[PDB]
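[1] Model the following, please.
(12 chains, ligands or ions: 11)
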Amino acid sequence: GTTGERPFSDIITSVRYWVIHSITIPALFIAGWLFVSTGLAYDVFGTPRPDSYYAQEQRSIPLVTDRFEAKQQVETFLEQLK
Amino acid sequence: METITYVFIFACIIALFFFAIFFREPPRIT
Amino acid sequence: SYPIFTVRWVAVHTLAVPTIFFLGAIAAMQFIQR
Amino acid sequence: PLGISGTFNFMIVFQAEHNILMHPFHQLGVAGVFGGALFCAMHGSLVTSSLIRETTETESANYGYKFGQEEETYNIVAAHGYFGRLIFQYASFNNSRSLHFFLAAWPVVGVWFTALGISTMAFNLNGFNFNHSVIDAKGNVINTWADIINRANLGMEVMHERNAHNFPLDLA
Amino acid sequence: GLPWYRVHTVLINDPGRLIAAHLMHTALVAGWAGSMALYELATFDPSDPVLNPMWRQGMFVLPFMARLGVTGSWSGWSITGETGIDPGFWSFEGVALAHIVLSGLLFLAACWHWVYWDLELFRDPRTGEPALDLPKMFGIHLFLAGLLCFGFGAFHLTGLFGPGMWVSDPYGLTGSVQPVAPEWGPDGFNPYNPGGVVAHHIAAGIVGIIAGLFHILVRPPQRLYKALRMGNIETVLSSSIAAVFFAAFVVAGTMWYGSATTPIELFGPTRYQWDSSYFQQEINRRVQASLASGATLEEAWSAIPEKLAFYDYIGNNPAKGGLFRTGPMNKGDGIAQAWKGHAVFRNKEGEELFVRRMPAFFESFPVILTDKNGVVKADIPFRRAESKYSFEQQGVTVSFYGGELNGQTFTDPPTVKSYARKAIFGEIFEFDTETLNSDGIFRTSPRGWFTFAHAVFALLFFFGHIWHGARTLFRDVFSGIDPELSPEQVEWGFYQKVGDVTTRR
Amino acid sequence: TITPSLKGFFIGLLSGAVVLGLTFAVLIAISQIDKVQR
Amino acid sequence: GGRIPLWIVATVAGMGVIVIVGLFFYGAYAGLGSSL
Amino acid sequence: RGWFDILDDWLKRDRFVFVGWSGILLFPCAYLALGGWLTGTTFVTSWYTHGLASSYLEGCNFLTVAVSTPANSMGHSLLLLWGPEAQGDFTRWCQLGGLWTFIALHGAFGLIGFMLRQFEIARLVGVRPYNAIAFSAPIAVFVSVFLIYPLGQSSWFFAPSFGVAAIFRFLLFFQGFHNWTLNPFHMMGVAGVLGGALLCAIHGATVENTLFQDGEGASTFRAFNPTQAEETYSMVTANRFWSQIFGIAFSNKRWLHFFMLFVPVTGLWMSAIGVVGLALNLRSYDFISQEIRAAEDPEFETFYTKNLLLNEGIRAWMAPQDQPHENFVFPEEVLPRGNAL
Amino acid sequence: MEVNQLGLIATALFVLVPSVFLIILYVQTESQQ
Amino acid sequence: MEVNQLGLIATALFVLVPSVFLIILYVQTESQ
Amino acid sequence: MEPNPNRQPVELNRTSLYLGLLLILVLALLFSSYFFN
Amino acid sequence: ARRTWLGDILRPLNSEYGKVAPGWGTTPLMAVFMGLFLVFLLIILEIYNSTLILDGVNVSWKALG
Ligand code: CLA
Ligand code: CLA
Ligand code: CLA
Ligand code: CLA
Ligand code: CLA
Ligand SMILES: C=Cc1c(C)c2cc3nc(c4c5[nH]c(cc6nc(cc1[nH]2)C(C)=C6CC)c(C)c5C(=O)[C@@H]4C(=O)OC)[C@@H](CCC(=O)OC/C=C(\C)CCC[C@H](C)CCC[C@H](C)CCCC(C)C)[C@@H]3C
Ligand SMILES: CC1=C(/C=C/C(C)=C/C=C/C(C)=C/C=C/C=C(C)/C=C/C=C(C)/C=C/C2=C(C)CCCC2(C)C)C(C)(C)CCC1
Ligand SMILES: CC1=C(/C=C/C(C)=C/C=C/C(C)=C/C=C/C=C(C)/C=C/C=C(C)/C=C/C2=C(C)CCCC2(C)C)C(C)(C)CCC1
Ligand SMILES: CCCCCCCCCCCCCCCCCC(=O)O
Ligand code: OEX
Ligand SMILES: [Cl-]
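    Numbers count the residues shown, from 1 in each chain, chains lettered A, B, ... in the order given. Ligands and ions are numbered 1, 2, ... in the order given. Please see the structure below:
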């Protein structure tokens, strides 16, 4: 029937459980929130901000067109915004 | 020739249906 | 006498911890303006 | 049309005129049919996996079942004990009645929805339209995979029944 | 009785009749090779290796005989186009004949082994039961394989005692059978280095000899014998199938991408050569070099060997075919006769215009003419009424350099359009469509047909690995699970360790 | 001579070894402590 | 043990989902991705 | 009583989530494939590989987010994090499409892991390994579509991207370019998937409507006991029903359930084969005899010629934005268009 | 229509060879019983 | 050689159909 | 020398005949159009 | 069973059916060669893939001259 772990319905109706997790769950929620609200998520992953898909008078896609220079090409495009 | 072939195959399938139904192995119990 | 830290405990939190964090990040996103 | 290529014509034009793929009732239809095939194979393989040895290796195992016998021919507890361990226990059925009801209900309900999809796209309540939903801080459009779908839809639209439209909107 | 899908299981415990069936299979396969070769010889036109090479004629085993050094017919011709050669006995025809004689000989041994199935060699001396010592057999066969692999590399490929193999230049112009020195350095793993192929067979040949010797003398560990069911011949079928589909994926890949062992004069170009304009770059490189040294436009392009120009043509791209478009490439666009010449388009202002080439993905493609910078300057419009770029409005002309139409210019719009439609395919050739009643639709080459077959067979053989592996590891419950399997062994908690009855709580 | 990608190769190769060895060390440790009773 | 009744845990978790997913549909009409 | 056996002891303990030796491969790889998808769809763009937005962070919804394929210019690069393209830079790795290979490759070894797990548990529990065998069809589909197909093409860029709408674009690409609906290997797959769902529904419905009365409640679910010997529904009455309704019925419970394995598994294998052909552009695109007639005879029209006009529209209207590395520029006058539209 | 002339024999053998194989096996099953 | 195209199928079936008849009759003779 | 002990009868029941003929006929019906092309 | 001249000569080679070396035997050594062969295939695969680039190894048709 069972393998000796504590049943879930016993865990989540327990006071100790909710004493820990009413802290851990909101804290994680706020952590992920801050991950975005600080702009850090943009910078870690390289995702364009709404103002940095194109340069002001550009309408070309900054498409990677080289395999081994591809890192340098992305960096070139990103300068053409600064 | 291709028309004849298509119809021929379809006709064989219809004949098979007839034998599959009325000349099946009868299911016998236990 | 049940254990607290199990393989089960790990499988659960291995998924639940990043999920809540990701849900927080995604909720912030609804307030981004262009 | 009552034909094989005619069917495909109907489904390409339906996509151009209704974006059926972005419609959730057709998505439930796919989940009804994909899941039905999944669970068909699952159920077939779990029962086949737990057949009780009744035969030798020179005979088809199918001769281990005689039509109208009273005893089950497989061991549902061994099949439950395999599948409960492949996933976890409470994700596996050991009530055979619940199980076969699940088998009946999943594809039937999925196919209800996809039939209701076609039936309601009949009155032009179409699939989700995210055409140009993402634009940048200046207002440039930022294409997504939905805009790429839209380019495909356009090429079906402009080409279909190529001699039949005199006015700029295909309203039906 | 046995189901139909199990008839051949009567051989599992019958080593002699198993040898008999393996002999029949080998006969049938040798017999196929000889039959296929004779059919290809009977249909092959050797008169133009430049525009009608074997790979345009749907030849499939001819390139494999040529690859290893068989290049000539008893009829006096060679695939390199040399005439009046004397290949000796190992002509195409004598290779075919040998396989047919081998097939006959294998058929007879198969009959003997079927009848005299009950040979004492196959009985275990202690128990009197049929038994094969598979671990030692492996060592024996591996040692043999290694000797053959070593000898193949050391004598055949080097030319020490053998012909060598097909080698060519990078553009497939000057190929021939040559001895090849081993490449022992790191470039010997370069798939485009033929010397690596030599080094591979010498090195791996020695390793197989050494490994074979180990497997003859050293018995398998008890743990592994039991784990891998090494007393069961179906474990060998399972692992053997795995090695074979592994091998089939590799040869599909190298056929498609190309390597030193799949040269383009025997199998045709690769699609990547079209993708990267490989031949067009070389041609342009050459024309520029001719122009630098004062040659005229006509002279620079006339110096372009027609064989190079024919590579720069999409109809030879193996990724332009279809599944049910059957036969040789010639059946589609025709038997190529002559390069028409390099078409050069110019508009009324005298600017040179460039036909946008068709990419392999597109069954059909519009006609768009660009300038050296990529700006559209002419096309063939679909809707006429608001067209800006028609040939008629832009005064597009076409002028030919080299080839059949060298020095000719055309200005009448419908003729200019006709050549622009051909220019999307690359270089323009005159084709004979009458002889074979060609229907005008692109077919794939033997490079394509081989890759398709072997990729498909590899995938299917993966399932065969899974099936026979399952059967080996689960032999004890093939016919059904234990009718006395009690519910405590599958219910949770009874045993600490799953299925281990010694760990009951 | 050791090019940048042969360098990354070894980087990739050491990391794999680390991840794999670390994994088996932990698994062997835990298995030693929490044995089955026979 | 079983202090917090299970129906109450279910109701509060339930509303917590409706709120988060509500927010996600609200954001389809506001801000990034709203066509506006 | 050495270390290998002690580890074996531990990996195979009966616990809430079974681990096994197969777990070593499966659980890291499954979690990483799944984490890569969730991570990419929440945070990572496709701007530099596709010119597309594709994460929640950029404004996409669940239907339009995707982990998109690498740029065409990557060829079939493994795109390892430490490889020459990303050169260990995580951010650039994300921007060049490294998460696509990450997910695809970890996903492939996870699928192996999962099938080894089905083998491992089947052996410990003592049953025949047919569930593992059946799962070969999902594996065949995955490798042929996500790996073999882009390997025959110019690059990974033309593989499916991991996203709802992205997969819809893949469906439509295959119609317009490959005429895949005309491919009899797809048609056999359609029959196996639709035949599977039929068999699933009709077998469930039948069992539930030939139940034996084994309790007194209007809920018939309670009246089953998993250790009972007796069949819980009448195969005899079910056989008579279908024989009289449809002409033929199953009479052998074992054949019935084998056929339920056989039908959808075979159909998926067949569709995998046709995709292998499409890796080479070996399409079932045309019927030659139809084209010869139509070319000579402008009054001749079938649903077959009508569908190729639709394909030709798809190709020309979608190719510029779907294949941006090709710099297709189609002036308005070259676009195929019927009247008015 | 201008169809592949070998389509006919391909189709005939494709039908005949495997059907004949099954008929042979069926009839000799009946004669055992 | 401009031979009759239906000659192949006529020859093929001429051999196959009566040959198969005899093989059917012979196998079910041996299995009883 | 004794006759071979490993020989076995083979069977195809009538239902398997019907199923296989249907499989072949339907395959022919599906593929025939591609053979004529 | 039938004895034959050739059978008598090959007999010793099919006479140790079932014989095993005890315990784990050479398994640890086998594992070492498996490991080397994997790295070896990795290198070969990544050279073909142009993920591993080596001096003097031009993975192109132009490595025929
Ligand atoms: C005396 C023997 C002999 C010789 C010299 C030839 C010679 C030839 N044959 Mg014939 N053939 C033979 C016997 C022979 N054949 C037999 C017995 C059969 C029946 C099976 C055939 C069936 C056959 C076919 C079907 C075909 C040929 C073809 C050919 C030609 C191409 C050979 C080639 O590409 O090989 C290809 C080489 C390989 C496939 C070898 C790969 C071996 C794998 C990689 C090793 C596998 C693992 C290994 C055991 C592990 C080793 C360990 C390592 C460490 C050492 C060549 C003229 C071709 C041709 O043109 O025919 C007209 C062709 O299509 N042959
Ligand atoms: C690996 C195998 C192989 C390969 C790659 C080739 C390659 C080639 N052959 Mg050769 N050939 C082979 C084996 C092979 N052959 C064999 C075994 C024979 C003896 C039958 C021949 C006899 C032969 C002749 C007589 C000729 C060729 C020709 C050719 C060329 C064109 C082929 C073509 O049109 O394909 C067409 C291929 C297809 C339409 C694919 C068929 C796909 C099948 C029907 C699907 C079946 C599905 C199945 C029923 C579903 C069941 C599954 C499930 C429901 C249970 C090409 C270079 C031709 C040529 O140009 O030669 C000069 C030619 O005239 N071949
Ligand atoms: C070296 C390869 C090899 C070998 C020696 C075997 C041998 C065997 N298989 Mg395995 N098998 C293989 C590859 C192999 N298989 C592959 C690649 C697959 C996946 C498709 C399978 C799938 C498979 C299954 C699913 C089953 C077997 C079974 C068997 C056994 C009985 C087969 C029989 O009597 O068929 C008799 C077959 C016929 C009378 C007709 C088959 C005709 C087919 C449909 C098409 C015709 C093929 C064509 C003429 C020639 C081949 C072309 C090409 C391969 C060269 C036998 C030990 C059976 C078994 O386990 O028994 C216990 C079984 O149930 N095999
Ligand atoms: C069993 C689990 C598993 C498996 C099968 C894989 C498999 C893979 N991963 Mg993943 N990975 C895993 C776990 C796993 N990973 C974990 C746990 C993490 C988190 C840390 C990651 C994080 C991760 C990242 C970040 C990336 C991968 C990548 C890859 C791919 C490249 C692997 C490679 O080249 O290794 C090479 C190494 C080996 C194969 C190890 C062999 C070592 C042998 C046994 C002997 C060597 C001896 C050693 C070197 C001696 C040291 C000498 C020293 C003292 C000098 C491959 C698909 C890459 C990818 O997906 O690219 C797209 C990638 O960028 N993985
Ligand atoms: C009547 C309509 C119909 C039907 C029934 C089908 C049926 C099918 N199509 Mg076809 N299709 C159709 C119309 C249809 N098609 C049309 C009109 C087109 C346009 C031309 C296409 C275009 C099309 C394409 C382009 C492709 C198909 C494919 C397929 C097959 C998909 C197999 C499958 O389940 O893959 C699902 C995927 C798998 C089974 C792979 C493994 C999945 C793993 C196990 C996922 C694990 C999930 C993991 C737990 C993480 C989950 C968490 C996450 C969700 C949050 C199947 C035969 C595919 C095919 O043939 O493949 C060979 C394919 O590539 N179809
Ligand atoms: C879209 C269709 C589809 C999906 C999603 C699906 C899913 C699944 N099928 C499974 C099983 C099966 N499938 C079977 C038959 C079939 N399955 C089919 C079609 C599908 N099957 C069809 C049509 C059949 C009929 C032949 C059988 C017979 C089984 C099983 O036994 C097994 C099961 O237990 O079912 C209950 C499960 C395997 C779990 C696993 O590997 O975990 C581990 C997870 C891993 C290793 C991660 C893989 C990651 C993938 C490959 C790449 C990344 C994917 C992204 C994370 C998400 C992308 C989403 C976007 C594309 C939208 C899983 C729930
Ligand atoms: C006896 C003898 C002899 C004779 C011999 C002979 C004469 C031989 C022959 C042989 C042969 C002549 C053989 C051949 C064979 C063939 C084959 C074996 C084939 C196969 C086929 C197949 C297999 C196919 C299949 C298919 C199809 C049909 C379709 C498509 C797909 C596929 C490919 C799958 C001599 C004189 C020497 C001497 C003494 C003894
Ligand atoms: C990639 C990578 C990595 C990894 C990572 C990971 C592993 C991650 C994870 C992550 C995660 C793991 C995530 C998660 C998330 C989650 C989410 C996001 C969820 C959501 C959900 C939802 C939203 C739902 C809802 C609903 C609905 C809607 C309806 C019905 C009901 C329900 C409630 C279900 C690493 C580090 C190695 C490094 C490299 C890279
Ligand atoms: C078989 C198991 C394989 C496990 C492999 C996991 C790989 C671990 C990730 C290591 C990432 C480090 C790469 C970043 C540093 C590269 C810097 C450089 O290229 O010089
Ligand atoms: O018909 Mn059939 O299709 Ca429904 O829209 Mn209007 O119309 Mn016609 O066009 Mn689009
Ligand atoms: Cl109108």
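[2] In terms of helices and strands, where is the residue in chain K that ligand 11 sits nearest to?
    Taking C-beta to the ion, ligand 11 has its nearest neighbour within chain K at residue K:33, 34.7 Å off. Quick note: C-beta positions are derived from backbone N, CA and C, even for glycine. Per DSSP states H and E, residue K:33 falls inside helix K:14-36.
[3] for residue E:221, phi and psi?
    phi -60, psi 140 (degrees, to the nearest 10).
[4] What is the burial count for it?
    20 (other C-beta atoms under 10 Å in any protein chain shown).
[5] Quick check, it in contact with residue L:27.
    Yes: if you go by C-beta atoms under 8 Å, residue E:221 and residue L:27 touch, sitting 5.3 Å apart.
[6] Around chain A, pick out the residues from chain L.
    Taking C-beta under 8 Å from any C-beta of the partner chain as the contact definition, chain L meets chain A at residue L:50.
[7] Can you check which helix is longest in chain L?
    helix L:27-48 (DSSP state H).
[8] Pull out the buried positions in it.
    Buried residues in helix L:27-48, defined by neighbour count with 16 or more other C-beta atoms under 10 Å in any protein chain shown: L:27, L:42-43, L:46-48.
[9] One more: stretch H:105-122?
    H:105-111, H:113-122.
[10] Wondering if stretch E:326-339 reaches chain B at all.
    No: with C-beta under 8 Å from any C-beta as the criterion, chain B is not reached by stretch E:326-339; the gap is at least 15.7 Å.
[11] Please look at residue D:63 and residue D:55 and confirm they touch.
    Yes: Residue D:63 lies in contact with residue D:55 (C-beta under 8 Å); the separation is 5.7 Å.
[12] Between these two, which is the more surrounded one?
    residue D:55 (18 against 15).
[13] so what's residue D:135 up against?
    Going by C-beta atoms under 8 Å, 6 or more residues apart in numbering or on different chains, residue D:135 touches C:34, D:141-142, G:35.
[14] Turn those residues into TSV, including secondary structure, neighbour count and distance to ligand 1.
    Output for the contacts of residue D:135, formatted as TSV (DSSP: H, G, I helix; E, B strand; the rest coil; neighbours: other C-beta atoms under 10 Å in any protein chain shown; distance: C-beta to the nearest ligand atom, whole Å):
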residue	secondary structure	neighbour count	distance to ligand 1
C:34	coil	18	60
D:141	strand	13	54
D:142	coil	25	51
G:35	coil	14	59
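[15] got JSON lines for those, with distance to residue K:19 too?
    Formatted as JSON lines, the contacts of residue D:135 follow (distance: C-beta to C-beta, whole Å):
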{"residue": "C:34", "distance to residue K:19": "62"}
{"residue": "D:141", "distance to residue K:19": "56"}
{"residue": "D:142", "distance to residue K:19": "55"}
{"residue": "G:35", "distance to residue K:19": "55"}
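[16] Closest to residue E:233 out of those?
    Residue E:233 lies nearest to residue D:142 out of the contacts of residue D:135, by C-beta to C-beta, at 62.0 Å.
[17] Compute the number of surrounding residues for residue 26.
    Looking at chain A here, since you left the chain open. So residue A:26, with other C-beta under 10 Å, has 13 neighbours.
[18] try again with chain I
    Using other C-beta under 10 Å, residue I:26 is surrounded by 21 other residues.
[19] hmm, back to that, pretty sure the residue of chain K closest to ligand 11 sits against residue H:287.
    Yes: between residue K:33 and residue H:287 a contact is recorded at 7.3 Å, counting by C-beta under 8 Å.
[20] tell me the centre residue of chain D?
    residue D:30 (2.2 Å; C-alpha atoms, centre = their mean).
[21] show me what contacts that one?
    Contacts of residue D:30 (C-beta under 8 Å, 6+ apart): D:110, D:114.
[22] OK, contacts around residue H:25?
    H:109-110, H:112-113, H:116.
[23] no no, residue E:269
    Residue E:269 neighbours (C-beta under 8 Å, 6+ apart): E:172, E:279, E:311, E:316-318, E:445, E:447.
[24] What helices and strands are in contact with the helix or strand containing residue F:9?
    Residue F:9 belongs to helix F:4-33 when assigned by DSSP H and E. Counting contacts by 3 or more C-beta pairs under 8 Å, 6 or more residues apart in numbering or on different chains; DSSP states H and E, helix F:4-33 is packed against helix H:3-11, helix H:20-43, helix L:27-48.
[25] what angle separates that helix from helix H:20-43?
    Angle between the axes of helix F:4-33 and helix H:20-43 is 130 degrees (criterion: axes from the mean of the first three to the mean of the last three C-alpha atoms, to 10 degrees).
[26] one step back: can you tell me if the helix holding residue K:33 touches ligand 7.
    No: using C-beta under 6 Å from any ligand atom, helix K:14-36 never reaches ligand 7; the gap is at least 10.7 Å.
[27] That helix near chain B at all?
    Yes: using C-beta under 8 Å from any C-beta, helix K:14-36 comes into contact with chain B via K:14-15, K:18, K:21-22, K:25-26, K:28-29, K:32-33, K:36.
[28] Can you turn the buried part of those residues into a PyMOL selection?
    Only the buried entries of the residues of helix K:14-36 next to chain B go into this PyMOL selection, using 16+ other C-beta under 10 Å:
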select buried, chain K and resi 15+18+21+25+28+29+32+33+36
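[29] Need the residues of helix K:14-36 next to chain B in JSON lines (columns: distance to chain I).
    Formatted as JSON lines, those follow (distance: C-beta to the nearest C-beta, whole Å):
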{"residue": "K:14", "distance to chain I": "7"}
{"residue": "K:15", "distance to chain I": "10"}
{"residue": "K:18", "distance to chain I": "9"}
{"residue": "K:21", "distance to chain I": "6"}
{"residue": "K:22", "distance to chain I": "11"}
{"residue": "K:25", "distance to chain I": "7"}
{"residue": "K:26", "distance to chain I": "11"}
{"residue": "K:28", "distance to chain I": "5"}
{"residue": "K:29", "distance to chain I": "9"}
{"residue": "K:32", "distance to chain I": "5"}
{"residue": "K:33", "distance to chain I": "9"}
{"residue": "K:36", "distance to chain I": "4"}
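[30] TSV for the residues of helix K:14-36 next to chain B, including distance to residue H:35?
    Formatted as TSV, the residues of helix K:14-36 next to chain B follow (distance: C-beta to C-beta, whole Å):
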residue	distance to residue H:35
K:14	55
K:15	50
K:18	51
K:21	51
K:22	47
K:25	50
K:26	45
K:28	49
K:29	48
K:32	49
K:33	47
K:36	52
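[31] can you tell me how far the residue of the stretch 101-250 of chain H found nearest chain C sits from residue H:123?
    Distance from chain C to each residue of the stretch 101-250 of chain H (C-beta to the nearest C-beta) is smallest for residue H:117, at 14.2 Å. Noted for residue H:117: a distance of 11 Å to residue H:123, by C-beta to C-beta, to the nearest Å.
[32] got it, and residue F:7?
    43 Å.
[33] With residue G:9 instead?
    40 Å.
[34] And the contacts of residue H:25, which is closest to ligand 10?
    residue H:110 (44.0 Å; C-beta to the nearest ligand atom).
[35] Which helix or strand contains the closest one?
    helix H:98-125.
[36] The residue of chain L found nearest chain G: what's it in contact with?
    At 36.3 Å from chain G, residue L:51 is the closest residue in chain L, using C-beta to the nearest C-beta. Going by C-beta under 8 Å, 6+ apart, residue L:51 touches F:5, H:77-78, H:80, H:83-84.
[37] Please report phi then psi for the residue nearest to the centre of chain D.
    Dihedral angles (degrees, to the nearest 10) for residue D:30: phi -60, psi -40.
[38] do the one 5 residues further on as well
    Recorded main-chain torsions at residue D:35 are phi -60, psi -40, according to degrees, to the nearest 10.
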